[PDB]
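If you use the working numbering, the sequence shown corresponds to residues 3 to 313, in order. Every residue gets a Cβ at the ideal spot worked out from N, C-alpha and C, and that includes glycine. Report on one structure; see the data block that follows.
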Amino acid sequence: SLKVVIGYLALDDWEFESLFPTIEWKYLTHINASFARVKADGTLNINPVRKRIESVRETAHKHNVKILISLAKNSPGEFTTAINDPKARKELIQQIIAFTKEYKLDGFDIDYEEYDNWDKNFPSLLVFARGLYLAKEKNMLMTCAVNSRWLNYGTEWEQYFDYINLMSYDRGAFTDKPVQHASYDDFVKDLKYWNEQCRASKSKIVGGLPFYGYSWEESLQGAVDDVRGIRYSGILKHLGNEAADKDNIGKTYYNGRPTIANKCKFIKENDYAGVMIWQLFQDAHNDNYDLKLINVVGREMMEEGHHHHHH
(Lines of atoms letter the chains of each structure in order from A and count residues from 1; the text may use other names and numbers.)
(Lines give C-alpha, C1' and ligand atoms only; values in the text may rest on other atoms or scores of the structure.)
Protein backbone atom coordinates (compact mmCIF):
# COMPACT_ATOMS: atom_id res chain seq x y z
CA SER A 1 0.00 0.00 0.00
CA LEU A 2 2.63 2.57 -0.98
CA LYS A 3 1.24 6.06 -1.61
CA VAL A 4 0.05 6.92 -5.12
CA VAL A 5 0.57 10.25 -6.87
CA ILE A 6 -1.97 10.50 -9.68
CA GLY A 7 -1.09 13.38 -11.96
CA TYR A 8 -3.50 14.77 -14.52
CA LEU A 9 -1.79 15.45 -17.83
CA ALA A 10 -3.78 17.44 -20.39
CA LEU A 11 -2.61 16.20 -23.79
CA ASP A 12 -4.00 19.28 -25.52
CA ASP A 13 -2.55 21.79 -23.04
CA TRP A 14 -0.93 24.78 -24.72
CA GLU A 15 2.25 24.16 -22.72
CA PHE A 16 2.54 20.51 -23.78
CA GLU A 17 5.31 20.81 -26.37
CA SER A 18 7.40 22.95 -24.04
CA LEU A 19 6.80 21.17 -20.75
CA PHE A 20 6.22 17.50 -21.52
CA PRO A 21 9.98 16.79 -21.46
CA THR A 22 10.17 18.18 -17.91
CA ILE A 23 7.61 15.88 -16.23
CA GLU A 24 9.08 14.64 -12.93
CA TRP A 25 8.19 10.97 -13.41
CA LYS A 26 10.06 9.89 -10.27
CA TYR A 27 7.34 11.58 -8.20
CA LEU A 28 4.36 10.02 -9.99
CA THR A 29 2.81 6.56 -9.76
CA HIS A 30 0.08 7.21 -12.34
CA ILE A 31 -0.92 9.85 -14.87
CA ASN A 32 -4.42 10.51 -16.14
CA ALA A 33 -4.27 11.50 -19.81
CA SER A 34 -7.14 13.93 -20.35
CA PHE A 35 -9.51 13.88 -21.96
CA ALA A 36 -11.42 11.42 -24.14
CA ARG A 37 -14.73 13.29 -24.54
CA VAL A 38 -18.10 11.56 -24.03
CA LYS A 39 -20.68 12.22 -26.74
CA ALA A 40 -24.46 11.99 -26.28
CA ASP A 41 -24.73 8.82 -28.40
CA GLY A 42 -22.21 6.95 -26.27
CA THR A 43 -19.30 7.37 -28.67
CA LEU A 44 -16.05 9.20 -27.91
CA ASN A 45 -14.39 12.33 -29.23
CA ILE A 46 -10.71 11.43 -28.90
CA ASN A 47 -9.33 14.44 -30.77
CA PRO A 48 -7.80 15.95 -27.62
CA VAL A 49 -5.63 12.85 -27.06
CA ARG A 50 -5.34 10.89 -30.32
CA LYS A 51 -2.06 12.32 -31.61
CA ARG A 52 -0.15 12.14 -28.32
CA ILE A 53 -1.62 9.25 -26.34
CA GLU A 54 0.86 6.67 -27.71
CA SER A 55 3.99 8.75 -27.12
CA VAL A 56 2.87 9.71 -23.62
CA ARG A 57 2.09 6.06 -22.93
CA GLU A 58 5.53 4.93 -24.03
CA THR A 59 7.26 7.67 -22.04
CA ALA A 60 5.21 6.97 -18.92
CA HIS A 61 5.88 3.25 -19.12
CA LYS A 62 9.59 3.77 -19.73
CA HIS A 63 9.59 5.53 -16.35
CA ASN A 64 7.47 2.78 -14.76
CA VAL A 65 4.47 5.10 -14.37
CA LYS A 66 0.97 3.80 -15.18
CA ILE A 67 -1.28 5.65 -17.58
CA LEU A 68 -5.07 5.87 -17.64
CA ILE A 69 -7.39 7.63 -20.08
CA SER A 70 -9.63 10.14 -18.32
CA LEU A 71 -13.18 10.68 -19.58
CA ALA A 72 -15.22 13.88 -19.35
CA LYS A 73 -18.33 15.31 -21.06
CA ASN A 74 -17.95 16.38 -24.68
CA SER A 75 -20.18 19.37 -23.87
CA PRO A 76 -22.85 20.33 -21.29
CA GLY A 77 -25.35 17.52 -20.84
CA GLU A 78 -23.83 15.06 -23.32
CA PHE A 79 -22.48 12.71 -20.65
CA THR A 80 -25.85 12.80 -18.90
CA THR A 81 -27.66 11.92 -22.14
CA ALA A 82 -25.21 9.07 -22.75
CA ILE A 83 -25.88 7.39 -19.40
CA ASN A 84 -29.66 7.90 -19.22
CA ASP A 85 -30.06 6.38 -22.67
CA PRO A 86 -29.74 2.57 -22.27
CA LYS A 87 -28.22 1.84 -25.68
CA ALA A 88 -25.89 4.83 -25.48
CA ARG A 89 -24.78 3.70 -22.03
CA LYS A 90 -23.88 0.24 -23.29
CA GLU A 91 -22.09 1.72 -26.30
CA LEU A 92 -20.09 4.07 -24.07
CA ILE A 93 -19.04 1.16 -21.87
CA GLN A 94 -17.79 -0.72 -24.92
CA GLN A 95 -16.05 2.39 -26.28
CA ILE A 96 -14.17 2.97 -23.01
CA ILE A 97 -13.02 -0.64 -22.57
CA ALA A 98 -12.03 -0.74 -26.24
CA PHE A 99 -10.01 2.48 -26.17
CA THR A 100 -8.14 1.31 -23.08
CA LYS A 101 -7.36 -2.12 -24.58
CA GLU A 102 -6.46 -0.81 -28.04
CA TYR A 103 -4.08 1.81 -26.70
CA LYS A 104 -2.62 -0.66 -24.21
CA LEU A 105 -3.29 1.66 -21.28
CA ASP A 106 -3.40 0.72 -17.61
CA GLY A 107 -6.98 1.75 -16.99
CA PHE A 108 -9.54 4.52 -17.21
CA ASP A 109 -10.71 7.42 -15.05
CA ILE A 110 -14.32 8.66 -15.00
CA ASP A 111 -14.67 12.43 -14.52
CA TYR A 112 -18.44 12.93 -14.61
CA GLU A 113 -19.41 16.53 -13.88
CA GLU A 114 -23.04 17.06 -14.97
CA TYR A 115 -24.56 18.81 -11.97
CA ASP A 116 -28.05 19.50 -13.30
CA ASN A 117 -30.54 17.20 -11.52
CA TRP A 118 -27.74 15.28 -9.84
CA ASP A 119 -29.86 13.03 -7.61
CA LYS A 120 -32.33 12.32 -10.41
CA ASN A 121 -29.52 11.15 -12.73
CA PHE A 122 -27.36 9.39 -10.14
CA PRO A 123 -29.12 6.01 -10.35
CA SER A 124 -28.23 5.93 -14.06
CA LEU A 125 -24.67 6.99 -13.28
CA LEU A 126 -24.36 4.17 -10.74
CA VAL A 127 -25.75 1.65 -13.24
CA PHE A 128 -23.15 2.93 -15.70
CA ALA A 129 -20.38 2.50 -13.12
CA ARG A 130 -21.44 -1.07 -12.31
CA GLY A 131 -21.69 -1.93 -16.00
CA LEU A 132 -18.22 -0.49 -16.66
CA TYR A 133 -16.78 -2.53 -13.81
CA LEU A 134 -18.42 -5.80 -14.88
CA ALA A 135 -17.24 -5.27 -18.46
CA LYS A 136 -13.64 -4.21 -17.81
CA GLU A 137 -10.67 -6.55 -17.97
CA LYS A 138 -9.05 -7.79 -14.74
CA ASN A 139 -5.82 -5.78 -15.06
CA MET A 140 -7.59 -2.51 -15.91
CA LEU A 141 -7.63 0.14 -13.21
CA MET A 142 -10.92 1.99 -12.78
CA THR A 143 -10.91 5.34 -11.02
CA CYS A 144 -13.07 8.43 -10.78
CA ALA A 145 -12.77 12.17 -10.13
CA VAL A 146 -15.48 13.09 -7.63
CA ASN A 147 -16.94 15.90 -5.57
CA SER A 148 -17.43 15.65 -1.81
CA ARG A 149 -20.16 16.69 0.62
CA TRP A 150 -22.19 19.01 -1.64
CA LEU A 151 -23.14 16.11 -3.91
CA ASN A 152 -24.31 12.69 -2.74
CA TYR A 153 -22.74 9.57 -4.27
CA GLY A 154 -24.37 7.13 -1.86
CA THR A 155 -22.67 4.08 -0.35
CA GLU A 156 -22.68 1.74 -3.38
CA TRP A 157 -20.56 3.86 -5.73
CA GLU A 158 -17.37 3.22 -3.77
CA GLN A 159 -17.03 -0.52 -4.51
CA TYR A 160 -16.44 -0.20 -8.25
CA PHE A 161 -13.29 1.88 -8.07
CA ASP A 162 -9.63 1.16 -7.37
CA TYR A 163 -9.09 4.86 -6.63
CA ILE A 164 -11.52 7.67 -5.81
CA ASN A 165 -9.85 11.03 -6.47
CA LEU A 166 -11.30 14.03 -4.62
CA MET A 167 -11.52 17.30 -6.55
CA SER A 168 -11.00 19.33 -3.39
CA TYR A 169 -10.79 22.69 -5.10
CA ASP A 170 -12.65 25.51 -6.90
CA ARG A 171 -14.87 26.11 -3.85
CA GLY A 172 -16.55 29.53 -3.93
CA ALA A 173 -14.20 30.70 -6.66
CA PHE A 174 -16.74 31.89 -9.23
CA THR A 175 -17.87 35.16 -7.65
CA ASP A 176 -16.51 38.70 -7.58
CA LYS A 177 -15.27 38.09 -4.03
CA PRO A 178 -11.68 36.89 -3.31
CA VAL A 179 -11.53 33.52 -1.52
CA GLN A 180 -9.26 30.52 -0.91
CA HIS A 181 -10.59 27.90 -3.31
CA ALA A 182 -8.82 24.88 -1.82
CA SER A 183 -8.47 25.22 1.94
CA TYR A 184 -6.82 22.68 4.19
CA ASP A 185 -10.02 22.49 6.23
CA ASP A 186 -12.16 21.51 3.21
CA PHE A 187 -9.54 18.95 2.08
CA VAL A 188 -9.68 17.17 5.45
CA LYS A 189 -13.50 17.28 5.55
CA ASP A 190 -13.74 15.95 2.00
CA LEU A 191 -11.62 12.93 2.93
CA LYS A 192 -13.66 12.28 6.07
CA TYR A 193 -16.84 12.43 3.98
CA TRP A 194 -15.70 9.71 1.60
CA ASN A 195 -14.34 7.36 4.23
CA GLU A 196 -17.11 7.78 6.82
CA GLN A 197 -20.24 8.62 4.80
CA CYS A 198 -19.60 6.96 1.45
CA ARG A 199 -17.99 4.09 3.35
CA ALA A 200 -14.97 3.98 1.04
CA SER A 201 -11.85 2.33 2.46
CA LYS A 202 -9.12 4.86 3.20
CA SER A 203 -6.86 2.65 1.09
CA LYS A 204 -8.61 3.90 -2.06
CA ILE A 205 -9.34 7.53 -1.14
CA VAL A 206 -7.01 9.99 -2.93
CA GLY A 207 -6.83 13.68 -2.02
CA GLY A 208 -6.83 16.09 -4.96
CA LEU A 209 -4.40 19.03 -5.07
CA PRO A 210 -4.48 22.19 -7.24
CA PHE A 211 -1.39 23.57 -9.02
CA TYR A 212 -3.33 26.75 -9.78
CA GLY A 213 -5.38 29.41 -8.05
CA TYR A 214 -7.45 32.51 -8.69
CA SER A 215 -6.65 36.22 -8.70
CA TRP A 216 -9.01 39.14 -8.29
CA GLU A 217 -6.19 41.64 -8.88
CA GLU A 218 -7.14 44.20 -11.52
CA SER A 219 -3.47 44.43 -12.51
CA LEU A 220 -3.44 40.73 -13.38
CA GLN A 221 -6.48 40.68 -15.66
CA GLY A 222 -4.01 40.11 -18.49
CA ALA A 223 -2.64 37.00 -16.79
CA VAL A 224 -5.77 35.13 -15.66
CA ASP A 225 -8.31 33.19 -17.72
CA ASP A 226 -12.07 33.58 -18.25
CA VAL A 227 -12.69 32.37 -14.72
CA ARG A 228 -9.84 34.26 -13.01
CA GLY A 229 -7.70 31.13 -12.98
CA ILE A 230 -3.92 31.45 -12.86
CA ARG A 231 -1.30 28.68 -12.87
CA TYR A 232 1.27 28.30 -10.08
CA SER A 233 3.90 29.18 -12.68
CA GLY A 234 2.05 32.41 -13.48
CA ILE A 235 1.80 33.20 -9.78
CA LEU A 236 5.57 32.99 -9.20
CA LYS A 237 6.20 34.98 -12.39
CA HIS A 238 3.87 37.84 -11.47
CA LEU A 239 4.05 37.77 -7.68
CA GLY A 240 7.65 36.72 -7.15
CA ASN A 241 9.24 33.68 -5.57
CA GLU A 242 8.06 34.61 -2.07
CA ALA A 243 4.62 33.50 -3.26
CA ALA A 244 5.91 29.92 -3.20
CA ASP A 245 5.61 29.74 0.59
CA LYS A 246 2.17 31.30 1.02
CA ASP A 247 -1.41 30.60 0.00
CA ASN A 248 -2.10 34.22 -0.79
CA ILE A 249 -0.62 37.59 -1.67
CA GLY A 250 -3.07 40.44 -2.02
CA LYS A 251 -6.15 39.31 -3.91
CA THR A 252 -4.55 36.15 -5.34
CA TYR A 253 -5.38 32.84 -3.59
CA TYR A 254 -3.83 29.43 -4.26
CA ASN A 255 -2.01 26.54 -2.59
CA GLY A 256 1.62 27.29 -1.78
CA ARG A 257 4.27 24.78 -0.73
CA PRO A 258 3.49 24.66 3.02
CA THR A 259 -0.16 23.89 2.34
CA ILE A 260 0.58 21.31 -0.36
CA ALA A 261 2.89 19.66 2.16
CA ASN A 262 0.36 19.85 4.99
CA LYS A 263 -2.20 18.12 2.79
CA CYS A 264 0.24 15.36 1.86
CA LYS A 265 1.18 14.93 5.53
CA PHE A 266 -2.44 14.50 6.59
CA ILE A 267 -2.86 11.89 3.85
CA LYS A 268 0.21 10.05 5.17
CA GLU A 269 -0.60 10.35 8.88
CA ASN A 270 -4.16 9.14 8.42
CA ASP A 271 -3.47 6.26 6.04
CA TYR A 272 -5.18 7.54 2.91
CA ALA A 273 -4.22 6.16 -0.52
CA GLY A 274 -2.27 9.18 -1.74
CA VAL A 275 -2.80 12.37 -3.72
CA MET A 276 -3.99 13.45 -7.14
CA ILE A 277 -3.03 16.57 -9.06
CA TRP A 278 -4.75 18.96 -11.42
CA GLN A 279 -2.68 19.54 -13.35
CA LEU A 280 1.02 18.81 -13.89
CA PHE A 281 1.77 21.50 -16.52
CA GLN A 282 0.61 24.38 -14.28
CA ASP A 283 3.61 23.84 -11.96
CA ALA A 284 6.64 26.15 -11.97
CA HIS A 285 9.20 25.80 -14.77
CA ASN A 286 12.85 24.78 -14.63
CA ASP A 287 13.81 28.42 -14.10
CA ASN A 288 12.17 27.93 -10.68
CA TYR A 289 12.76 24.18 -10.32
CA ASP A 290 13.49 24.10 -6.60
CA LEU A 291 10.17 25.83 -6.00
CA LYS A 292 8.01 23.34 -7.89
CA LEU A 293 4.92 21.94 -6.17
CA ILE A 294 5.50 18.46 -7.60
CA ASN A 295 8.76 18.35 -5.62
CA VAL A 296 6.89 19.16 -2.41
CA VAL A 297 4.59 16.24 -3.24
CA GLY A 298 7.60 14.07 -4.05
CA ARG A 299 9.41 14.78 -0.79
CA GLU A 300 6.31 14.03 1.31
CA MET A 301 5.02 11.02 -0.63
CA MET A 302 8.14 9.26 -1.93
CA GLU A 303 10.91 10.25 0.43
CA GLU A 304 9.65 11.16 3.91
CA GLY A 305 8.44 7.59 4.43
CA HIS A 306 10.75 5.73 2.05
CA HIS A 307 13.99 6.07 4.02
CA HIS A 308 15.98 2.89 4.48
CA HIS A 309 19.39 1.72 5.68
CA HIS A 310 22.43 1.01 3.50
CA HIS A 311 22.20 4.10 1.30
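Item, Value
"Supposed contact pair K5 and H32 - C-beta distance, whole angstroms, cut 8 Å", "Contact doesn't hold; Cβ gap of about 11 Å is too wide."
"Three-pair Cβ contact test at 8 Å for the segment 276-294 versus the segment 3-23", "yes"
"Length at least 3, wholly inside the segment 228-290: the beta strand (DSSP E) runs in chain order", "231-233 and 276-280"
"Helix, strand or coil at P23 [DSSP, three-state]", "helix"
"C-alpha distance - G79 paired with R132, whole-angstrom precision", "21 Å"
"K267 versus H309, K103, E302 and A202, residue with shortest Cα-Cα distance", "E302"
"At least three beta-carbon pairs within less than 8 Å, the segment 140-156 to the segment 164-177", "yes"
"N34 in three-state terms, based on DSSP", "strand"
"Close Cβ partners of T82 (< 6 Å) along its chain, the five nearest in sequence each way excluded", "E116 and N123"
"DSSP-derived helix/strand/coil call for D121", "helix"
"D192 beta carbon less than 9 Å from that of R151", "yes"
"Identity of the residue in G300, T61 and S72 nearest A35 by Cα", "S72"
"Three-state secondary structure assigned by DSSP to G44", "coil"
"Boundaries of the alpha helix (DSSP H) in which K103 is found, first to last residue", "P88 to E104"
"Residues near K248 in its chain [Cβ-Cβ closer than 6 Å; skip 5 each side]", "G258"
"Contiguous alpha helix (DSSP H) assignments of at least 4 residues, all confined to the segment 149-229", "186-194"
"Between the CA atoms of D15 and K138 - distance to the nearest angstrom", "29 Å"
"Cβ pair count under 8 Å reaching 3, the segment 171-185 against the segment 210-229", "yes"
"Residues of its chain near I296, where Cβ-Cβ distance is below 6 Å and the 5 sequence neighbours each way are ignored", "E26, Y29 and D285"
"Given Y214 as reference, the closest of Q199, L222, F110 and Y255 once Cα atoms are compared", "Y255"
"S72 - containing beta strand (DSSP E), residue span", "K68 to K75"
"Boundaries (first-last residue) of the alpha helix (DSSP H) holding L107", "Unbroken run through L107: none, as it is neither H nor E."
"Between the CA atoms of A202 and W196 - distance to the nearest angstrom", "6 Å"
"8 Å Cβ shell around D178 - same chain, five flanking residues per side excluded", "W218"
"Of the residues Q161, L238, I232 and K92, the one placed nearest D289, counting alpha carbons only", "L238"
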